Amino acid sequence: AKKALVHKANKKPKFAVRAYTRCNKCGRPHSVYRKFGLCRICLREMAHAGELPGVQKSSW
Amino acid sequence: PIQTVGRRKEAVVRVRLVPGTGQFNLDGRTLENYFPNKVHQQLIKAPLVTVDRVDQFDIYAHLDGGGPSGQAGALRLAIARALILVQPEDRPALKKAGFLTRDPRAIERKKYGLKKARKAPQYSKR
Amino acid sequence: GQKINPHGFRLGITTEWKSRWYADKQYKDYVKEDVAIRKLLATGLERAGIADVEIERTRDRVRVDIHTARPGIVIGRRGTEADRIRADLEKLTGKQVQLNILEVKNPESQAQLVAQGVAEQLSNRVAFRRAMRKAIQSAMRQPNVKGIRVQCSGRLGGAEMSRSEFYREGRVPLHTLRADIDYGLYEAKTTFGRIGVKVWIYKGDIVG
Amino acid sequence: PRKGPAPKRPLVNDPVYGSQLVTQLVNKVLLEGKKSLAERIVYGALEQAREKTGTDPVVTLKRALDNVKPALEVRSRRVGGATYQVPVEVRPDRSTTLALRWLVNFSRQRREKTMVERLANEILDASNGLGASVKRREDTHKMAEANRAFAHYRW
Amino acid sequence: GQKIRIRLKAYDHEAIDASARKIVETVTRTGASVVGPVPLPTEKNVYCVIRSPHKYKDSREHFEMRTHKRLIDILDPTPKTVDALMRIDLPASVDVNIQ
Amino acid sequence: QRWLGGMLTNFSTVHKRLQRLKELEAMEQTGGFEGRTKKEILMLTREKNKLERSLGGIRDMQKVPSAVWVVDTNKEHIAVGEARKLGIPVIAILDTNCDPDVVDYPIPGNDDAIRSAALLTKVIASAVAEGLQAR
RNA sequence: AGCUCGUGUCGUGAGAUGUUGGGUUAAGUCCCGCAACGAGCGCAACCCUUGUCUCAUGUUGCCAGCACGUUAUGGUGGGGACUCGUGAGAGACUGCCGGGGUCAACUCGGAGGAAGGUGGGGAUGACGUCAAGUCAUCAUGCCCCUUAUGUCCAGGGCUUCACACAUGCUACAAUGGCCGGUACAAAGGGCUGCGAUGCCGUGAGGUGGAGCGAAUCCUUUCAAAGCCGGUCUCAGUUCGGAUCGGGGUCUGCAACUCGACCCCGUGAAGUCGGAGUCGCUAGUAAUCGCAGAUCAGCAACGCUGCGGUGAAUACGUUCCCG
């Protein structure tokens with residue numbers, strides 16, 4: 001994401017619907033879970049890094 | 001007191017027995033009011049008919065999980081084990097017909113990347 | 001993409017979580033602050049080998065432990081750059097921080113430290129040959145460990161072509177969950193781009 | 001099925017009649033996954049047969065299927081891009097299976113606009129030998145006997 | 001006169017059990033009555049993620065989060081128990097609240 | 001049962017196998033049978049059986065070999081070759097298909113008959129028994 | 001299901017042997033013989049889930065047995081006798097027998113047992129290959145703009161249409177269409193969020209609020225298929241739903257291009273679909289509903305899961321593909 005776009009996202013919108021996700025670690029507007037605020041790619045990479053309290057591999 | 005438990009593919013039933021008359025209670029309904037199936041009727045009759053002491057026990061059932069056939073099989077197995085408990089002499093009878101063999105069949109997981117379980121999307125060569 | 005991360009594969013039996021705490025409503029703020037402090041700590045200190053960084057965040061109590069091979073440039077006698085770290089963590093509103101700095105008894109037995117060292121050795125002037133062979137030999141000198149594998153990828157030697165080289169000694173059983181396997185990844189910068197170094201160290205077995 | 005033949009499935013005894021032909025038929029006519037509706041359809045057809053012929057359903061269905069049970073089949077074997085039709089005798093199990101499959105598959109064509117009377121009528125017609133299943137049986141035997149020449153491959 | 005429940009939650013089984021054992025021991029030392037840490041349903045949150053960026057959707061990976069919760073009920077509210085309650089040290093991953 | 005290939009010339013692996021047999025028999029005598037995986041103990045006993053019916057005399061060798069008596073050298077080519085390479089004298093029976101140039105102490109006879117082989121084994125064991133008695 | 005090493009042996013040597021041959025197995029899994037004897041990475045196992053039982057274990061969960069409840073129900077007291085919630089453990093191990101076996105692996109049959117032969121499924125993807133994909137997740141060397149390819153902003157486009165391909169959903173109906181009654185699932189989610197009763201609507205819905213940061217309250221005591229009773233009687237149908245008209249509801253600062261849903265109306269194509277081709281071997285396909293992620297609202301018929309009901313054949317490698 002362009003730094004201008006990142007700053008505009010950091011700037012609070014002037015209207016309620018003018019707000020979106022803007023994943024925290026990188027800034028990928030698609031596929032940002034509300035539980036973490038991260039994009040799915042970053043969430044997977046960090047979870048596999050052993051740096052999230054509760055996440056683990058799923059198997060059943 | 002006697003209490004027995006039966007399970008069949010996510011259906012769990014608990015059965016209590018009385019040496020009373022030939023009638024049944026299924027959460028307040030008889031064997032015809034509840035489970036109104038002739039096939040289920042013979043299925044539930046199968047333990048008593050096999051032991052040949054029908055109309056001697058009044059059962060009271062508490063039911064959860066599953067549907068018609070699952071709960072019917074669970075009740076059948078539960079009452080079969082209860083009868084085996086109260087009268088062990090009939091143990092070498094139901095095993096001859098295999099009514100003591102609990103059924104370990106369940107729902108297979110729907111696997112991701114597909115449609116369901118083992119079903120797969122259509123494959124095109126181009 | 002064939003081999004998954006052994007560290008992430010062993011988060012349920014062998015390896016535990018490196019960041020433990022609990023939150024229900026304020027998860028977003030906690031994770032944002034956590035990534036912020038992690039990046040700031042990683043960037044502020046780079047000349048030493050930071051093997052591990054664990055974060056603790058409970059109620060009003062927040063503390064962090066940093067493991068390094070050479071604590072001499074990490075804890076001053078008076079604490080100058082330690083005070084710089086304190087100022088940086090206080091600027092970003094990290095409240096009270098009980099920042100304790102630890103060390104490692106066998107720096108040659110850590111995948112991250114070996115990866116970093118072989119990274120600058122490969123970067124400066126040395127070929128991958130001598131550096132990674134020396135790393136393997138240094139690891140196999142210590143008797144507690146039993147196996148090692150070192151891999152390097154990129155434009156090796158400055159050539160204009162992809163390359164990937166791996167050398168292995170001993171046993172490295174990734175497919176065993178109860179295997180004490182340490183995994184480390186690092187990147188050595190260069191005018192040709194970046195070179196990736198990946199170190200697996202298998203050190204015995206653990207049974208509860 | 002490449003290594004060897006899979007073990008055969010068991011058949012649950014029919015509770016109302018004691019013979020597995022009826023439960024085989026109801027399993028085959030079953031579609032969309034419903035045992036009760038198919039069971040009631042077959043039972044209605046059988047009881048219409050009861051009230052229309054005056055005889056026991058088991059024996060009448062038995063000799064009806066015996067009179068519509070095929071004996072030989074034709075199989076394709078390809079060499080050099082050209083096919084050959086070879087006659088092979090059939091085990092009785094697949095013979096009855098094919099006869100019942102023909103009955104069920106073609107029981108959707110009678111123009112009396114209801115499935116249960118359709119089954120009753122076709123069962124009675126096969127009992128009388130004038131049903132279309134007899135026609136398919138005769139056609140199959142015509143194909144088998146006419147092309148009896150091409151069997152030197154011995155399969 | 002008054003009974004107090006405490007909800008007691010954690011992902012980790014070891015830490016949650018150790019906290020329960022320590023609290024039970026402290027209550028026994030203080031002289032108050034408790035029913036015991038009765039088990040509660042374990043919440044599980046399940047997620048799906050795509051392994052590869054930029055296409056190849058069929059290959060994914062699932063994630064879980066498990067929270068084990070329990071209650072500890074205390075009767076006979078001994079004042080010394082209330083005095084020594086909040087000073088008890090608890091593991092990082094264990095959260096206990098009063099009800 | 002069968003002469004393993006190269007077990008004489010290769011002395012490290014036979015020593016390893018002897019140590020394995022010693023420890024395994026010690027554990028078998030001790031009684032460790034259900035303190036592991038059941039399948040593990042099953043193929044443990046299978047390995048016991050496999051490495052025992054061909055290991056009947058090597059268990060009690062200890063002090064290396066010095067003489068090897070060979071029946072049907074044409075079926076024991078490898079054993080005689082290994083002994084020759086290691087310098088061990090070879091005392092063998094000669095058959096019509098066997099090379100007299102190979103055996104240091106040839107003994108003519110028939111090696112396709114049980115009776116002759118039994119007689120030869122009995123006389124040579126009487127010889128070795130007298131050697132031990134007069135040792 | 002394959003990829004290597006130590007010692008030994010063979011060749012002047014690169015190198016070979018082991019790793020070849022017979023059999024068996026899901027398998028380099030194992031046996032037999034062979035100058036090979038052994039050992040690593042792969043395979044299998046340690047991990048998660050489903051099927052049985054034992055012990056610990058009683059809240060928000062259950063109610064056997066006792067009192068208060070009379071209909072609103074374990075609802076109110078009480079309780080472990082039963083599921084259940086969650087921890088530990090036992091148990092499937094060719095364990096025993098018989099026939100084929102090279103007295104071998106292995107194969108079938110039988111006994112007990114919940115399961116008989118890796119019980120069922122997940123997770124894990126070796127060395128290698130396609131200069132496969134991703135400079136638009138991120139960083140990354142070189143080149144480029146640098147008063148612009150940077151950069152804030154209003155409207156419009158990514159939904160444009162004579163076509164063609166692919167993936168799906170709904171139908172061509174009587175195994176059905178319409179009307180009322182009737183009883184059983186699981187999982188999941190919920191704070192400026194799930195949101196019940198009453199008030200008024202044909203139905204989205206407007207009033208406001210009790211229970212809950214949550215085994216407590218809400219998703220109706222949680223659905224449909226099922227079964228019963230009435231009818232329709234084979235037609236472009238009491239099938240089908242498209243396009244089109246009039247009038248609205250919800251959210252959003254803002255619903256024309258371009259959100260969803262509601263009422264009413266004419267009711268288009270559509271008659272089991274050619275050459276050809278696709279998924280599937282036990283709780284599978286086929287059918288039916290529910291839940292979640294992203295989301296203020298949704299184009300969702302998409303994806304990831306759950307549960308209900310639930311059969312067919314597999315003679316055998318001759319042929320098509322890897």
# chains A, B, ... in the order shown; residues from 1 in each chain; ligands from 1
>>> closest_atom_pairs(of="chain G", to="chain A", cutoff="9 Å", atoms="only C-alpha atoms (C1' of nucleotides)", output="CSV")
residue,atom,partner,partner_atom,distance
G:48,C1',A:59,CA,4.9
G:49,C1',A:60,CA,4.1
G:121,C1',A:60,CA,8.0
G:122,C1',A:60,CA,5.1
G:123,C1',A:59,CA,5.7
G:136,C1',A:1,CA,8.9
G:137,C1',A:28,CA,6.4
G:138,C1',A:26,CA,6.8
G:151,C1',A:4,CA,8.1
G:252,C1',A:17,CA,7.4
G:253,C1',A:15,CA,7.5
G:293,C1',A:33,CA,8.0
G:294,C1',A:31,CA,6.5
G:296,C1',A:17,CA,7.4
>>> interface_residues(of="chain E", to="chain B", cutoff="9 Å", atoms="only C-alpha atoms", output="PDB file with N, CA and C atoms, in the first residue's frame")
ATOM      1  N   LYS E  57      -6.219 -21.434  -4.699  1.00  0.00           N
ATOM      2  CA  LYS E  57      -7.154 -21.382  -3.580  1.00  0.00           C
ATOM      3  C   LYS E  57      -7.357 -22.744  -2.930  1.00  0.00           C
ATOM      4  N   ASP E  58      -7.256 -23.829  -3.702  1.00  0.00           N
ATOM      5  CA  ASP E  58      -7.628 -25.142  -3.179  1.00  0.00           C
ATOM      6  C   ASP E  58      -6.769 -25.549  -1.989  1.00  0.00           C
ATOM      7  N   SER E  59      -5.554 -25.022  -1.888  1.00  0.00           N
ATOM      8  CA  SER E  59      -4.670 -25.331  -0.774  1.00  0.00           C
ATOM      9  C   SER E  59      -4.870 -24.297   0.326  1.00  0.00           C
ATOM     10  N   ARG E  60      -5.381 -24.744   1.473  1.00  0.00           N
ATOM     11  CA  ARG E  60      -5.664 -23.870   2.602  1.00  0.00           C
ATOM     12  C   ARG E  60      -5.137 -24.521   3.873  1.00  0.00           C
TER      13      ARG E  60
END
>>> interface_residues(of="chain E", to="chain G", cutoff="12 Å", atoms="only C-alpha atoms (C1' of nucleotides)", output="CSV table (one decimal) with N, CA and C atoms, in the first residue's frame")
chain,number,residue,atom,x,y,z
E,5,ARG,N,-19.0,-17.1,43.3
E,5,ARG,CA,-18.4,-17.9,42.2
E,5,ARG,C,-17.3,-17.1,41.6
E,6,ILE,N,-16.3,-17.8,41.2
E,6,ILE,CA,-15.2,-17.2,40.4
E,6,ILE,C,-15.0,-18.0,39.1
E,7,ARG,N,-15.2,-17.2,38.0
E,7,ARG,CA,-14.9,-17.8,36.7
E,7,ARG,C,-13.4,-17.8,36.4
E,13,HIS,N,-3.9,-25.8,29.7
E,13,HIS,CA,-4.4,-26.7,30.7
E,13,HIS,C,-3.5,-26.7,31.9
E,14,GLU,N,-2.2,-26.7,31.7
E,14,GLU,CA,-1.3,-26.8,32.8
E,14,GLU,C,-1.4,-25.6,33.8
E,17,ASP,N,-4.8,-25.5,35.6
E,17,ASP,CA,-4.9,-26.5,36.7
E,17,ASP,C,-4.0,-26.0,37.9
E,35,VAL,N,-16.8,-25.7,46.8
E,35,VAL,CA,-17.3,-26.9,46.2
E,35,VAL,C,-16.2,-27.5,45.4
E,36,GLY,N,-15.5,-26.7,44.6
E,36,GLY,CA,-14.4,-27.3,43.7
E,36,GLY,C,-14.5,-26.8,42.3
E,37,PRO,N,-13.4,-26.9,41.6
E,37,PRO,CA,-13.4,-26.4,40.2
E,37,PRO,C,-14.2,-27.3,39.2
E,38,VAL,N,-15.5,-27.0,39.1
E,38,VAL,CA,-16.3,-27.8,38.2
E,38,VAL,C,-16.0,-27.5,36.8
E,39,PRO,N,-15.8,-28.4,35.9
E,39,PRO,CA,-15.5,-28.1,34.5
E,39,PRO,C,-16.7,-27.5,33.7
E,40,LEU,N,-16.3,-26.7,32.7
E,40,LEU,CA,-17.2,-26.0,31.9
E,40,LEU,C,-16.9,-26.2,30.4
E,41,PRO,N,-17.8,-26.0,29.5
E,41,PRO,CA,-17.6,-26.2,28.1
E,41,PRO,C,-16.4,-25.4,27.6
E,42,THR,N,-15.6,-26.0,26.7
E,42,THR,CA,-14.4,-25.3,26.1
E,42,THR,C,-14.8,-24.7,24.8
E,43,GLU,N,-14.6,-23.3,24.8
E,43,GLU,CA,-14.9,-22.6,23.6
E,43,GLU,C,-13.9,-22.9,22.5
E,44,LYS,N,-14.3,-23.1,21.3
E,44,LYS,CA,-13.3,-23.3,20.2
E,44,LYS,C,-13.7,-22.3,19.0
E,45,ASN,N,-12.8,-21.5,18.6
E,45,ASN,CA,-13.0,-20.7,17.4
E,45,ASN,C,-12.1,-21.3,16.2
E,46,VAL,N,-12.8,-21.5,15.1
E,46,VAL,CA,-12.2,-22.1,14.0
E,46,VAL,C,-12.1,-21.2,12.8
E,47,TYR,N,-10.9,-21.1,12.1
E,47,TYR,CA,-10.7,-20.2,11.0
E,47,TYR,C,-10.1,-20.9,9.9
E,48,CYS,N,-10.2,-20.4,8.7
E,48,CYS,CA,-9.5,-20.9,7.5
E,48,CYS,C,-8.7,-19.8,6.8
E,49,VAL,N,-7.5,-20.2,6.3
E,49,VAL,CA,-6.6,-19.2,5.7
E,49,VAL,C,-6.1,-19.9,4.4
E,50,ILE,N,-5.7,-19.1,3.4
E,50,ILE,CA,-5.1,-19.6,2.2
E,50,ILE,C,-3.6,-19.6,2.3
E,52,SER,N,-1.3,-20.0,0.0
E,52,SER,CA,-0.5,-19.3,-1.0
E,52,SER,C,-1.1,-17.9,-1.4
E,53,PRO,N,-0.3,-16.9,-1.4
E,53,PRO,CA,-0.8,-15.6,-1.9
E,53,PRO,C,-0.8,-15.7,-3.4
E,54,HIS,N,-1.8,-14.9,-4.0
E,54,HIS,CA,-1.9,-14.8,-5.5
E,54,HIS,C,-2.1,-16.2,-6.1
E,55,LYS,N,-3.3,-16.7,-5.9
E,55,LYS,CA,-4.0,-17.9,-6.5
E,55,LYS,C,-3.6,-19.2,-5.8
E,56,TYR,N,-4.1,-20.3,-6.4
E,56,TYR,CA,-4.0,-21.6,-5.7
E,56,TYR,C,-4.9,-21.6,-4.5
E,57,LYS,N,-6.2,-21.4,-4.7
E,57,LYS,CA,-7.2,-21.4,-3.6
E,57,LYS,C,-7.4,-22.7,-2.9
E,58,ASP,N,-7.3,-23.8,-3.7
E,58,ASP,CA,-7.6,-25.1,-3.2
E,58,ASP,C,-6.8,-25.5,-2.0
E,60,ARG,N,-5.4,-24.7,1.5
E,60,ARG,CA,-5.7,-23.9,2.6
E,60,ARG,C,-5.1,-24.5,3.9
E,61,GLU,N,-5.3,-23.8,5.0
E,61,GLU,CA,-4.8,-24.3,6.3
E,61,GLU,C,-5.8,-23.7,7.3
E,62,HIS,N,-6.2,-24.6,8.3
E,62,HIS,CA,-7.1,-24.2,9.3
E,62,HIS,C,-6.4,-23.9,10.6
E,63,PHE,N,-7.0,-22.9,11.3
E,63,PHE,CA,-6.5,-22.5,12.6
E,63,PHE,C,-7.6,-22.7,13.7
E,64,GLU,N,-7.2,-22.9,14.9
E,64,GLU,CA,-8.0,-23.0,16.1
E,64,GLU,C,-7.6,-22.1,17.2
E,68,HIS,N,-10.4,-23.0,27.7
E,68,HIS,CA,-11.0,-23.8,28.7
E,68,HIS,C,-11.4,-22.9,29.9
E,69,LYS,N,-12.6,-23.1,30.3
E,69,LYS,CA,-13.2,-22.3,31.4
E,69,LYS,C,-13.7,-23.2,32.5
E,70,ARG,N,-13.7,-22.7,33.7
E,70,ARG,CA,-14.2,-23.4,34.9
E,70,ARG,C,-14.8,-22.4,35.9
E,71,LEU,N,-15.5,-22.9,36.9
E,71,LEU,CA,-16.0,-22.2,38.0
E,71,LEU,C,-15.5,-22.7,39.3
E,72,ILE,N,-15.2,-21.9,40.3
E,72,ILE,CA,-14.9,-22.3,41.6
E,72,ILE,C,-15.9,-21.5,42.5
E,73,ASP,N,-16.7,-22.3,43.3
E,73,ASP,CA,-17.7,-21.7,44.1
E,73,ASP,C,-17.3,-21.8,45.6
>>> closest_atom_pairs(of="chain B", to="chain D", cutoff="9 Å", atoms="only C-alpha atoms", output="Markdown table")
| residue | atom | partner | partner_atom | distance |
| --- | --- | --- | --- | --- |
| B:37 | CA | D:36 | CA | 8.5 |
| B:39 | CA | D:15 | CA | 8.0 |
| B:42 | CA | D:15 | CA | 7.4 |
>>> interface_residues(of="chain G", to="chain F", cutoff="9 Å", atoms="only C-alpha atoms (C1' of nucleotides)", output="list in words")
residues 7, 8, 9, 34, 35, 36, 37, 38 and 93 of chain G
>>> atom_distance(atom1="atom CA of residue D:127", atom2="atom CA of residue D:64")
4.6 Å
>>> residues_around(residues="residue C:70", least_positions_apart="6", cutoff="10 Å", atoms="only C-alpha atoms (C1' of nucleotides)", output="PyMOL selection string")
chain C and resi 47-50+102-104+107
>>> select_by_dssp(residues="chain F", states="strand (DSSP E or B)", output="CSV table (one decimal) with N, CA, C and O atoms, in the first residue's frame")
chain,number,residue,atom,x,y,z
F,68,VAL,N,38.8,-73.5,10.2
F,68,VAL,CA,37.4,-73.6,9.7
F,68,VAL,C,37.3,-74.9,8.9
F,68,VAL,O,38.1,-75.2,8.0
F,69,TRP,N,36.4,-75.8,9.3
F,69,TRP,CA,36.1,-77.0,8.6
F,69,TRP,C,34.9,-76.8,7.7
F,69,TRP,O,33.9,-76.3,8.1
F,70,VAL,N,35.1,-77.2,6.4
F,70,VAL,CA,34.2,-76.9,5.4
F,70,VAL,C,33.6,-78.2,4.8
F,70,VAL,O,34.4,-79.1,4.4
F,90,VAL,N,42.2,-73.5,6.2
F,90,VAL,CA,40.9,-74.1,5.8
F,90,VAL,C,41.1,-75.6,5.7
F,90,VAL,O,42.0,-76.1,5.0
F,91,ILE,N,40.3,-76.4,6.5
F,91,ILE,CA,40.2,-77.8,6.4
F,91,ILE,C,38.9,-78.2,5.8
F,91,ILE,O,37.9,-78.0,6.4
F,92,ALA,N,38.9,-78.7,4.5
F,92,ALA,CA,37.6,-78.9,3.8
F,92,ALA,C,37.6,-80.3,3.2
F,92,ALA,O,38.6,-80.9,3.0
F,93,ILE,N,36.4,-80.7,2.9
F,93,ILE,CA,36.2,-81.9,2.2
F,93,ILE,C,36.3,-81.6,0.7
F,93,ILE,O,35.8,-80.5,0.2
F,94,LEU,N,36.8,-82.5,-0.1
F,94,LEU,CA,37.0,-82.4,-1.5
F,94,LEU,C,35.9,-83.2,-2.2
F,94,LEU,O,35.8,-84.4,-2.0
F,107,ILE,N,40.6,-83.4,2.2
F,107,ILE,CA,40.2,-84.7,2.6
F,107,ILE,C,39.3,-85.2,1.6
F,107,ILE,O,38.1,-84.8,1.5
F,108,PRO,N,39.7,-86.2,0.7
F,108,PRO,CA,38.8,-86.7,-0.3
F,108,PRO,C,37.6,-87.5,0.3
F,108,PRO,O,37.7,-88.0,1.4
>>> residues_around(residues="residue D:155", least_positions_apart="2", cutoff="12 Å", atoms="only C-alpha atoms (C1' of nucleotides)", output="PDB file with C-alpha atoms (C1' of nucleotides), in the first residue's frame")
ATOM      1  CA  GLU D  73     -25.266 -61.104 -22.411  1.00  0.00           C
ATOM      2  CA  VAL D  74     -23.208 -59.415 -25.121  1.00  0.00           C
ATOM      3  CA  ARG D  75     -19.875 -57.752 -24.340  1.00  0.00           C
ATOM      4  CA  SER D  76     -17.641 -55.466 -26.397  1.00  0.00           C
ATOM      5  CA  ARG D  77     -13.943 -56.168 -26.975  1.00  0.00           C
ATOM      6  CA  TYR D  84     -16.339 -57.210 -31.485  1.00  0.00           C
ATOM      7  CA  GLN D  85     -19.497 -58.458 -29.767  1.00  0.00           C
ATOM      8  CA  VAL D  86     -18.929 -61.668 -27.792  1.00  0.00           C
ATOM      9  CA  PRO D  87     -21.684 -63.651 -26.020  1.00  0.00           C
ATOM     10  CA  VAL D  88     -21.100 -64.617 -22.391  1.00  0.00           C
ATOM     11  CA  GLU D  89     -23.465 -66.478 -20.098  1.00  0.00           C
ATOM     12  CA  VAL D  90     -24.609 -64.625 -16.985  1.00  0.00           C
ATOM     13  CA  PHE D 150     -17.757 -64.304 -32.431  1.00  0.00           C
ATOM     14  CA  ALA D 151     -16.647 -66.142 -29.305  1.00  0.00           C
ATOM     15  CA  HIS D 152     -13.224 -67.592 -30.211  1.00  0.00           C
ATOM     16  CA  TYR D 153     -11.599 -65.128 -27.788  1.00  0.00           C
TER      17      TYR D 153
ATOM     18  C1'   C G 315     -17.031 -60.386 -13.698  1.00  0.00           C
ATOM     19  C1'   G G 316     -11.883 -59.096 -14.671  1.00  0.00           C
ATOM     20  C1'   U G 318      -8.461 -56.678 -23.296  1.00  0.00           C
TER      21        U G 318
END
>>> select_by_dssp(residues="chain A", states="alpha helix (DSSP H)", output="ChimeraX atom specification")
/A:3-10,40-47
>>> residues_around(residues="stretch 258-264 of chain G", least_positions_apart="5", cutoff="9 Å", atoms="only C-alpha atoms (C1' of nucleotides)", output="ChimeraX atom specification")
/G:159,202-204,246-250,297-299
>>> interface_residues(of="chain E", to="chain C", cutoff="10 Å", atoms="only C-alpha atoms", output="number ranges by chain")
E: 9-12, 51-52, 67, 91-95
>>> write_last_selection(atoms="C-alpha atoms", output="mmCIF file, in the first residue's frame")
data_model
loop_
_atom_site.group_PDB
_atom_site.id
_atom_site.type_symbol
_atom_site.label_atom_id
_atom_site.label_comp_id
_atom_site.auth_asym_id
_atom_site.auth_seq_id
_atom_site.Cartn_x
_atom_site.Cartn_y
_atom_site.Cartn_z
ATOM 1 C CA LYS E 9 -10.298 -19.287 32.197
ATOM 2 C CA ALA E 10 -7.202 -20.056 30.126
ATOM 3 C CA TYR E 11 -6.046 -21.622 26.888
ATOM 4 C CA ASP E 12 -3.344 -23.643 28.660
ATOM 5 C CA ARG E 51 -1.619 -20.976 2.147
ATOM 6 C CA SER E 52 -0.528 -19.264 -1.037
ATOM 7 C CA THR E 67 -10.437 -21.535 25.748
ATOM 8 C CA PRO E 91 -0.107 -17.369 35.819
ATOM 9 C CA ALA E 92 0.098 -15.020 32.856
ATOM 10 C CA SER E 93 -2.283 -17.027 30.651
ATOM 11 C CA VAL E 94 -4.932 -17.512 33.380
ATOM 12 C CA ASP E 95 -7.718 -14.986 34.003
#
>>> residues_around(residues="residue B:67", least_positions_apart="2", cutoff="10 Å", atoms="only C-alpha atoms (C1' of nucleotides)", output="NGL selection string")
(:B and (8-11 or 64-65 or 69-72)) or (:G and (183-185 or 226 or 307-309))
>>> interface_residues(of="chain C", to="chain A", cutoff="10 Å", atoms="only C-alpha atoms", output="JSON, numbers by chain")
{"C": [4, 5, 6, 7, 8, 9, 10, 11, 12, 15, 16, 17, 18, 19, 20, 21, 22, 23, 24, 25, 26, 27, 28, 29, 30, 31, 32, 34, 35, 36, 53, 54, 55]}
